[PDB]
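Protein chains in written order, with PDB author numbering: chain A, 2 to 211; chain B, 2 to 145; chain C, 3 to 122; chain D, 130 to 192; chain E, 269 to 321; chain F, 5 to 54; chain G, 2 to 145; chain H, 108 to 214.
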Amino acid sequence: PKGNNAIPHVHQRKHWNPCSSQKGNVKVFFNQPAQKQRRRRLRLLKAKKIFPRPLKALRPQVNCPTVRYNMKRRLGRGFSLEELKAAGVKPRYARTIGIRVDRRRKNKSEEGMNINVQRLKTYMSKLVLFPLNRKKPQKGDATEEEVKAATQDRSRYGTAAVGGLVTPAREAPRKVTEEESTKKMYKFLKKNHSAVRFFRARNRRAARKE
Amino acid sequence: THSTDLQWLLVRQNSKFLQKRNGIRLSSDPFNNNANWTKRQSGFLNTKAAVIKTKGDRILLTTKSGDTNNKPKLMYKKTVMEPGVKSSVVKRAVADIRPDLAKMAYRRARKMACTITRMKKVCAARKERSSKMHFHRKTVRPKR
Amino acid sequence: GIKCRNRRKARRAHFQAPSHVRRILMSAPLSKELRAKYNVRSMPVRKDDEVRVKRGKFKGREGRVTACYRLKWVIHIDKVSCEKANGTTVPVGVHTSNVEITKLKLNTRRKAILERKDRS
Amino acid sequence: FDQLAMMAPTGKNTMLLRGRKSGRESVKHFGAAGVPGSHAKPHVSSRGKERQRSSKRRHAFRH
Amino acid sequence: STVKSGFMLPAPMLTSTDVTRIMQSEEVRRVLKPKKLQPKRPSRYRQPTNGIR
Amino acid sequence: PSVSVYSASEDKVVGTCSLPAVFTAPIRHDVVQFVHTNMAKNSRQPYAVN
Amino acid sequence: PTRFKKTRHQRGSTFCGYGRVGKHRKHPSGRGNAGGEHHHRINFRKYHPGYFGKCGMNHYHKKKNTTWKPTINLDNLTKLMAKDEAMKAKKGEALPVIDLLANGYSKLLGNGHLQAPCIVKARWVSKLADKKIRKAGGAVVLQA
Amino acid sequence: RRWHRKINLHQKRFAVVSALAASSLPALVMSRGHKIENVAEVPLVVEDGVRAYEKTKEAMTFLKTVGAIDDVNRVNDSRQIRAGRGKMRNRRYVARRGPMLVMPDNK
RNA sequence: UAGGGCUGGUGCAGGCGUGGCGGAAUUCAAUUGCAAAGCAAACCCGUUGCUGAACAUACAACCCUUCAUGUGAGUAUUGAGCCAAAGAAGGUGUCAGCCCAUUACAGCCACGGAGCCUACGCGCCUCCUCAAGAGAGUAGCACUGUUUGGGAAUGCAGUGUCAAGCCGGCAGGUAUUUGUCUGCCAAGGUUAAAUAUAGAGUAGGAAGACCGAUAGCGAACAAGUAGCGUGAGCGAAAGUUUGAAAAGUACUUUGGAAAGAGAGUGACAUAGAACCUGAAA
RNA sequence: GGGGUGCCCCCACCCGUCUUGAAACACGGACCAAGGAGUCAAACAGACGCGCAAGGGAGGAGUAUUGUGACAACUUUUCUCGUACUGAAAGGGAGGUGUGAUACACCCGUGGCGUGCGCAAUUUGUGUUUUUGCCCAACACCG
RNA sequence: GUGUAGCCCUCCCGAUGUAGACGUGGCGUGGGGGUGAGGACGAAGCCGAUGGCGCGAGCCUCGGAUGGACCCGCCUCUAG
RNA sequence: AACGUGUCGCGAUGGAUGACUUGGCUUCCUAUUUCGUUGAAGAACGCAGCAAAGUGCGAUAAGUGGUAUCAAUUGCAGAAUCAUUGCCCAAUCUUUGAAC
Ligand SMILES: [Mg+2]
Ligand SMILES: [Mg+2]
Ligand SMILES: [Mg+2]
Ligand SMILES: [Mg+2]
Ligand SMILES: [Mg+2]
Ligand SMILES: [Mg+2]
Ligand SMILES: [Mg+2]
Ligand SMILES: [Mg+2]
Ligand SMILES: [Mg+2]
Ligand SMILES: [Mg+2]
Ligand SMILES: [Mg+2]
Ligand SMILES: [Mg+2]
Ligand SMILES: [Mg+2]
Ligand code: NA
Ligand code: NA
Ligand code: NA
């Protein structure tokens, strides 16, 4: 006899199990610790080959979309064309010295633009830029014995020169203003919300009034 | 540190000193006067303890006194007793540290006295039998 | 390098070894006098060598090696034999790790090996 | 509790309290959700498949 | 702990083990019920019954 | 309490330390048994028939 | 573990708790939720009264990220501040500032007795929360 | 089949802490089967010159000096061929567990 | 001026590859049945003390007497040592760190024709370099069919019809007409890495809380074999596991032979050749 | 005292199964050896054990390691369950007492009533206070 | 001190049972982690008018005029 | 009486059990990693002193050549760095088969 149980909905009627007549459709993870070891070995090998270049290329800081992640910051695909122009770096030459470049980003506000321009300027001042020919150095490049002092960066995020993401600091304690202790904020917010919510109905009423 | 009550709860079911052969629970603890597997008898986890044994033809009484319970080298004392010692003085030597084992101490002291006497007689009789019979070999352990 | 953590693999490699591998596996210790001279612990055995048996029914027996029967993992020693029912004499195999080498049949290749293995 | 037995044996000058059990989620599921005057929460797997209109609901009270 | 973030040693359930010492203490012994006299051990010569005979 | 430090070459005391307070913690042999039983299952290799 | 199952107790009972008269057969009542309106009607009506039927309007392409709106009550505002800050500020003093978006909250509901005055930044607020925080000596600053 | 298990992080740290405290009581150490009659001052702490040893002969002298050689001898004498089918499956010998030596790193 | 070894020619060089070589310490001392065995009850005493219920040579089948015959190989026990950056697991007539082979670079040798990697490795010659427009039987629409969670129609196919680019076209998850806003610019092509190997290969490796000869692959063996069916196809049984070593029973006698009775080898022949053990019916 | 074989007096229908009912003229039953049947996974619920608690817990990944190394150690979360519910939806969103008819003032606090372990204080056993948990009936507040 | 060879000693009340439910410091088998032993002076396996113990599942000793190399007690984990 | 029944010692028949295991099954990793008209995969017929099957090979037929090592192979013969053994560059490669 069944009793008071939930209705199951288990979703398992599609020949997923390997038997004498069915190949099955399964995925196991017995190689998980072995693949973790292999990926780590390749990262160390790549670092040895490309020395002294940084492991990861420079990336910009961007804002996450939607209202759920409005306040969060992360790393983007590449730098904007407007940002590169502001820092005085050509885009095709920028890709050569380890700067990611994105030709689709738009830079819709100055706050995001100024943060990323500062990232490029700090990176430029920290580059050492080994000369193409050691006998004949052209343009401002690394001097002698400045090459011998270079060191690879393995920060896993490329933050050796630029650093972490920039977020506004928390506000400090203060006093309540006299107008803050009087104004009704629900009345203020509801009035604005009703203006958009009842835009169509109010227009219809005025049109009928004429 | 921790107490006897806590330690007994930890080792009661399983231990290297617990022998559970044929459904009988006995103890191989060297500081157990009789082989009973109980909290009172088990002297290795008790703060103070005393056991009576033999050393040749004399009574040997080892005691703990529970003041160096973190140094195994200095836990116990030897205290070899005099020949022909009465069991009352051995009974009084114990019960100054464990008064709740005084009656068990007297019985153990008497049993140790009887065993000493028997060992002398059995060995004496065995040697007499071995005196006359001939043997094909005899092994002598080399010196130094 | 036959010995392995896999017992199944180590035993297959031993009992299916080729002929040139079996030559190394069939080695015997040198005597004290040879060790003091050549400073070598042990050498592979070969025909026309002199050995002394150390383990088994033939203890203390000496002789010259007559054959290296690699297919049976044994060596044959002269004067180490048994009688058949008809009276015929047949050699008896002895494992190479039960003997010791007392005299070596020197050769320009064998001398090269001794200098290779000289510990000093 | 070993300090209490040390300083207050026989429990003089004590106030004994228990703690609540009626607010638990398991208790809310006791009974049948479909009988009159029940107010029992059903065991629901798909929340959207057990909604029901405002009418057609069972009677909320019974003597 | 510095290596393990936020970890602290758990608090003991008993501020002092050795409950045997607590049971055999003057303060605890002061509130125990006094001992009572027990009857004599039943001797041989089984006690009578049957009331009438 | 205090703990002494012994030399590695002779029967001597060469130092003195303090108990690190991790040895005073409760001993829950029921927790140890539970964690060991399930931790020992993590080194197993799979087996099956064809 | 297999050694704790009922199968170990039933070795030798020949029926394993299923009876001689009505045996253990395969699907004597159908598979899954079969017959929920015909021969399982009483079970469904008694325990799941709202299973059969429709209710309400539809919404294609829901996109749950657009309706994110966690709420916190005025009674739990202390958990978002430092321990010292709760008792440091009162009425006319400098008050701590709490930003709800950093802690993962959107709307401020006013339930229970407010402990300490503070300044709260939020996206949405309630009628009661606005009145209670104002009387206590605090304020609400609207966010976005 | 479910071969592996998850354990709460706090419970794992609780178990380690309890086992460390149990190793500090000589009564529990003897009851598990270790021979510590010649040791002094359990828990045993030795100087840091041990890390600089290069020869196994030096290590064996140190074990005899502090009295830990009895537990090592117990493991040596207990070595034997395992009973059952396990000796066909790459586990042919069984031995007991001896002392631990804890070091600040792998040096 | 400079560069390009991925313009081409001509040479000099590392490494990836393949085949070899090199590592310690006992066959130490006591037996051939019974002492090559023990006791001195946590640790020390102990590098030391004491010996024998198997010998008045015991055991060998109802009891007594005579006469006999009987113990395989020390990796076992005991006492002394030695090596360890090596205690690692295989072999050897019994349980082996020191009998053998293995166990390492905190390495050493020869070979190397293409390829791949290294100041985009390094010289010389030769060459090379420093106003418009944007994809047409296309997209769209109608009917029919199929497909999708896609719901007044998610993708696709057939037939009919068939564009725009002077306020362009496509998308914005409820159909229609009208106006804004936002994001992109179809109908041509190439492209490493992170991913699969659910009855594949070629060479190597690492293992297992798995099975243990009616089990595990059908197949531990001259197994997809013998055998069966006109054919497509179906498809076994069977450990040679005697012994450490063939030392695999010379020879006498009866018998046509097979074999029997003796003799002999072997620790054991009731280990005698489909030969370890050898249950039940 | 146990074990083996025979005998005497007494007692005694053939096992397993379906069935109201089997010793059945109901079915399966010549003998022996070795095989032979509630398992694994996934969603939910209840009882019991353990850790933490208005918070609990990750996963995937990463950091440091021939070593008992496919183990073990380490990383205001980045996700999920919960601390708030309600309406088809647009939306809204829960403390007490006192005083008045987004009202005003306070904040050491069970909304009131009944039955209520234990503890506290009285009388010589009775009556009383605070009542925990739970239950009953009346408010009040949120949608 | 639930449960064992029950911590011990008095006293009182129940005891059958198909389908079914639950309990047992209840019995037995292959393997893992620990701990403690045994074996060429004879391991596992096999045989029995070999007895002893337990209500029982079973455990243990004895003999072999059997065998010839491995195996078990206890606490836990696991299952073809 | 014989037949038949029962218990014990010994012997047959049969091939279980135990101990052994160069086999299977399952998981993981590494490469200068992937056939053919320059005739593949498969199929047939042959080749050794004694050679049925299996293995290796192709009228140069249990192998020719190069390379490293050195004294074996073995049932009985037989020969005495050159064999054997491992690896591989140069060759041979019967009749067919996409088969042209
Ligand atoms: Mg029913
Ligand atoms: Mg099939
Ligand atoms: Mg029943
Ligand atoms: Mg049932
Ligand atoms: Mg039924
Ligand atoms: Mg493509
Ligand atoms: Mg088979
Ligand atoms: Mg088969
Ligand atoms: Mg009928
Ligand atoms: Mg019947
Ligand atoms: Mg009838
Ligand atoms: Mg009953
Ligand atoms: Mg099994
Ligand atoms: Na076994
Ligand atoms: Na068209
Ligand atoms: Na029937």
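Each residue gets a CB set at the ideal place from its N, CA and C atoms; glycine is no exception.
Cut-off 7 Å between Cβ atoms - residues of its own chain near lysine 34 of chain C, not counting five sequence neighbours on either side: Here the question's residue 34 of chain C lines up with position 32 in the third sequence. So the list is empty, once near-sequence residues are dropped.
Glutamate 179 of chain D and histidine 40 of chain G closer than 8 Å at C-beta: For the purposes of this step, residue 179 of chain D is taken as residue 50 along the fourth sequence, with counting starting at 1. For the purposes of this step, residue 40 of chain G is taken as residue 39 along the seventh sequence, with counting starting at 1. Contact flag unset, no.
contact_flag[the stretch 98-106 of chain C, the stretch 43-57 of chain C] where n(CB pairs < 8 Å) is 3 or more: Touching, yes.
Secondary structure of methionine 45 of chain C, DSSP reduced to three states: Along the third sequence, one-based indexing puts residue 45 of chain C at 43. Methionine 45 of chain C: strand per DSSP, three-state reduction.
Three-pair Cβ contact test at 8 Å for the stretch 81-89 of chain C versus the stretch 13-27 of chain C: Short answer: they don't touch.
Beta-carbon separation (whole angstroms), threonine 172 of chain H vs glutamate 14 of chain F, contact threshold 8 Å: Numbered from 1 along the eighth sequence, position 65 holds the residue referred to as residue 172 of chain H. Numbered from 1 along the sixth sequence, position 10 holds the residue referred to as residue 14 of chain F. Confirmed, about 7 Å.
Segment contact flag, the stretch 32-42 of chain A with the stretch 62-71 of chain G, C-beta cutoff 8 Å, min 3 pairs: Under the 8 Å Cβ criterion, the stretch 32-42 of chain A does not count as touching the stretch 62-71 of chain G, having fewer than three qualifying pairs.
Buried or exposed (CB count within 10 angstroms, at least 16 for buried), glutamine 315 of chain E: Reading the fifth sequence from its first residue, position 47 is the one you call residue 315 of chain E. Residue burial annotation: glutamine 315 of chain E is exposed, with fewer than 16 other C-beta atoms found within 10 angstroms of its C-beta.
Beta carbon nearer than 6 Å to a non-hydrogen atom of ligand 2: Listed by position in the chain, the residues whose beta carbon lies within less than 6 Å of some heavy atom of ligand 2 are A:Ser21, A:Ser22.
Per DSSP, cross-strand counterpart(s) of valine 98 of chain G: Position 97 of the seventh sequence holds residue 98 of chain G. In the DSSP secondary-structure assignment, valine 98 of chain G is bridged to G:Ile120.
Length of the line joining the Cα atoms of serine 6 of chain F and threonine 20 of chain F: Here residue 6 of chain F is taken as the residue at index 2 of the sixth sequence, counted from 1. Here residue 20 of chain F is taken as the residue at index 16 of the sixth sequence, counted from 1. Looking at the backbone, the Cα of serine 6 of chain F and that of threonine 20 of chain F are separated by about 7 Å.
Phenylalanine 60 of chain C, DSSP secondary structure in three states: Your numbering for residue 60 of chain C matches position 58 in the third sequence. In the structure shown, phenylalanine 60 of chain C falls within a coil segment according to DSSP collapsed to helix, strand and coil.
For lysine 191 of chain A and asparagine 32 of chain A, the rounded distance between their alpha carbons: Numbered from its first residue, the first sequence carries residue 32 of chain A at position 31. Numbered from its first residue, the first sequence carries residue 191 of chain A at position 190. Rounded to whole angstroms, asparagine 32 of chain A to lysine 191 of chain A spans 57 Å at the Cα level.
Under 8 Å between C-beta atoms of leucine 62 of chain B and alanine 51 of chain B: Within the second sequence, the letter at position 61 stands for residue 62 of chain B. Within the second sequence, the letter at position 50 stands for residue 51 of chain B. Against a cut-off of 8 Å, the Cβ pair of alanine 51 of chain B and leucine 62 of chain B comes out as a contact.
Short CB-CB distance (under 8 Å) between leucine 11 of chain B and chain F: Position 10 of the second sequence, counted from the first residue, corresponds to residue 11 of chain B. By this cut-off, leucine 11 of chain B is an interface position.
Residue-chain proximity (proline 30 of chain F, chain H), Cβ-Cβ < 8 Å: The residue you call residue 30 of chain F lines up with position 26 of the sixth sequence. Yes, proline 30 of chain F counts as interfacial toward chain H.
Euclidean distance between Cα positions of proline 92 of chain A and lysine 50 of chain A: To locate residue 92 of chain A, count along the first sequence from 1; it is residue 91. To locate residue 50 of chain A, count along the first sequence from 1; it is residue 49. Near 26 Å, if we compare the C-alpha coordinates of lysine 50 of chain A and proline 92 of chain A.
Residues that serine 28 of chain B bridges to, as DSSP identifies them: As a first step, residue 28 of chain B must be located in the second sequence, where it is residue number 27. Looking at the DSSP assignment, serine 28 of chain B forms a beta bridge with B:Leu19.
Cβ-Cβ distance between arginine 192 of chain H and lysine 272 of chain E below 8 Å: Locating residue 192 of chain H in the eighth sequence gives position 85, counting from the first residue. Locating residue 272 of chain E in the fifth sequence gives position 4, counting from the first residue. No; because the gap between Cβ atoms is not below 8 Å, this pair is not in contact.
Beta-carbon proximity of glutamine 11 of chain G to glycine 20 of chain G, cut-off 8 Å: Counting from 1 along the seventh sequence, the entry for residue 11 of chain G is found at position 10. Counting from 1 along the seventh sequence, the entry for residue 20 of chain G is found at position 19. No, Cβ-Cβ distance for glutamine 11 of chain G and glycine 20 of chain G is not below 8 Å.
Which listed residue (C:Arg111, C:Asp51, C:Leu108) has its alpha carbon closest to that of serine 29 of chain C: As a working note, residue 29 of chain C is residue 27 in the third sequence. The option with the nearest alpha carbon to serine 29 of chain C is C:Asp51.
Beta-carbon contacts of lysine 122 of chain A that lie in its chain and below 8 Å, excluding the five residues immediately before and after: Along the first sequence, read from residue 1 onward, the residue named residue 122 of chain A stands at position 121. Around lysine 122 of chain A: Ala88.
Residue range of the alpha helix (DSSP H) that includes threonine 8 of chain G: Position 7 of the seventh sequence holds residue 8 of chain G. If you look at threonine 8 of chain G, you'll find it in the alpha helix (DSSP H) that goes 7-10.
Listed by chain order, chain G residues near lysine 150 of chain D by CB distance under 7 Å: Position 21 of the fourth sequence, counting from 1, holds the residue named residue 150 of chain D. Here the premise fails: no neighbours, minimum Cβ distance about 23 Å.
Beta-carbon proximity check, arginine 203 of chain H vs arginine 181 of chain H, cutoff 8 Å: Reading the eighth sequence from its first residue, position 96 is the one you call residue 203 of chain H. Reading the eighth sequence from its first residue, position 74 is the one you call residue 181 of chain H. Yes, these two residues count as a Cβ contact at 8 Å.
Cβ-Cβ distance between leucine 130 of chain A and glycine 99 of chain A below 8 Å: Numbered from its first residue, the first sequence carries residue 130 of chain A at position 129. Numbered from its first residue, the first sequence carries residue 99 of chain A at position 98. Inclusion of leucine 130 of chain A and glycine 99 of chain A in the CB contact set at 8 Å is not warranted, their separation being larger than that value.
CB contact below 8 Å: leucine 166 of chain A versus chain G: Counting from 1 along the first sequence, the entry for residue 166 of chain A is found at position 165. Taking CB atoms only, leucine 166 of chain A has no neighbour in chain G less than 8 Å away.
Rounded Cβ spacing between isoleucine 134 of chain G and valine 142 of chain G (contact assumed at less than 8 Å): Against the seventh sequence, residue 134 of chain G aligns to sequence position 133. Against the seventh sequence, residue 142 of chain G aligns to sequence position 141. Actually they do not touch by this definition, with Cβ atoms about 11 Å apart.
8 Å Cβ cutoff, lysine 128 of chain G in contact with chain A: The residue given as residue 128 of chain G occupies position 127 in the seventh sequence. Interface criterion met: the Cβ of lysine 128 of chain G is under 8 Å from a Cβ in chain A.
Cβ distance (whole Å) where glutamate 148 of chain H is taken to contact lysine 92 of chain B below 8 Å: Counting from one through the eighth sequence, the residue named residue 148 of chain H turns up at place 41. Counting from one through the second sequence, the residue named residue 92 of chain B turns up at place 91. Contact flag wrong, Cβ pair sits at about 34 Å.
Partner residues on chain E for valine 124 of chain H, Cβ-Cβ distance less than 8 Å: One-based indexing of the eighth sequence puts residue 124 of chain H at position 17. Result: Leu277, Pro278.
Selected residue, minimal CA-CA separation from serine 167 of chain D, among D:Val173, D:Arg191, D:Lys150: Residue mapping note: residue 167 of chain D aligns to position 38 of the fourth sequence, counting from 1. Considering only alpha carbons, the answer is D:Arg191.
DSSP three-state assignment for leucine 110 of chain G, whether helix, strand or coil: Position 109 of the seventh sequence holds residue 110 of chain G. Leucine 110 of chain G: strand per DSSP, three-state reduction.
Test item: CB-CB of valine 53 of chain F and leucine 127 of chain H under 8 Å: Indexing the sixth sequence from 1 puts residue 53 of chain F at position 49. Indexing the eighth sequence from 1 puts residue 127 of chain H at position 20. Result no, Cβ atoms of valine 53 of chain F and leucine 127 of chain H do not sit closer than 8 Å.
Delimiting residues of the beta strand (DSSP E) encompassing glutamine 62 of chain A: Sequence index remark: in the first sequence, residue 62 of chain A carries index 61 (1-based). Here the beta strand (DSSP E) through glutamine 62 of chain A covers 62-64.
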